[PDB]
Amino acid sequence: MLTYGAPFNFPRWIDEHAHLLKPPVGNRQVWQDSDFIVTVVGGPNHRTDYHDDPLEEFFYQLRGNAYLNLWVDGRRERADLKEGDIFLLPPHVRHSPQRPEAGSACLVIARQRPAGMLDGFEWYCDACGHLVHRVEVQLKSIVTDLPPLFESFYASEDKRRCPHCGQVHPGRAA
């Protein structure tokens, strides 16, 4: 049967769950236990991490504007997500979503990762740009696994200390 239920109005669903799109991530999954992970992300969010997703991610900015901070070579870049843009992110491109606008909404689609395909979360030095800290995880929820991770980074000066220049990353106000 229709395991994921019947079709429904998306604009109206987003209006109804707007109150639930909370920071740091601003996440919300539309269907549970499905192979496609379909989420709506709103603003304002708070992200200092770069995600290393080992699969592709699809974006469609439905309301408001946002941008992804990226590493493209070793260079800091930004891909803008103006209202109405779509974007397909290749695997492993480090990205840090910035969602400043209240009432913002972006459709974000990813797939369940196979066992032993791990996500990376990375922070980089503000001063020298060297990698400061990386955690790899077998992700089981993009909604409710993210903020505990950021938490233990923020709460610890040794994790935030650049191993190249010794600058201590600002953590939860970067």
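Heads up: residue numbers just count along the shown sequence, starting at 1.
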query: 120-128 or 53-61, whichever carries the higher mean Cα B-factor; finding: 120-128
query: Mean C-alpha temperature factor, higher of 7-15 and 162-170; finding: 162-170
query: Top Cα B factor in the deposited entry, candidates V41, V137, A110, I142; finding: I142
query: Largest Cα B-factor, entry values, listed residues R99, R76, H92, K82; finding: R76
query: Third of the chain's Cα B-factor distribution that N69 belongs to, per the entry; finding: lowest
query: Third of the chain's Cα B-factor distribution that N27 belongs to, per the entry; finding: highest
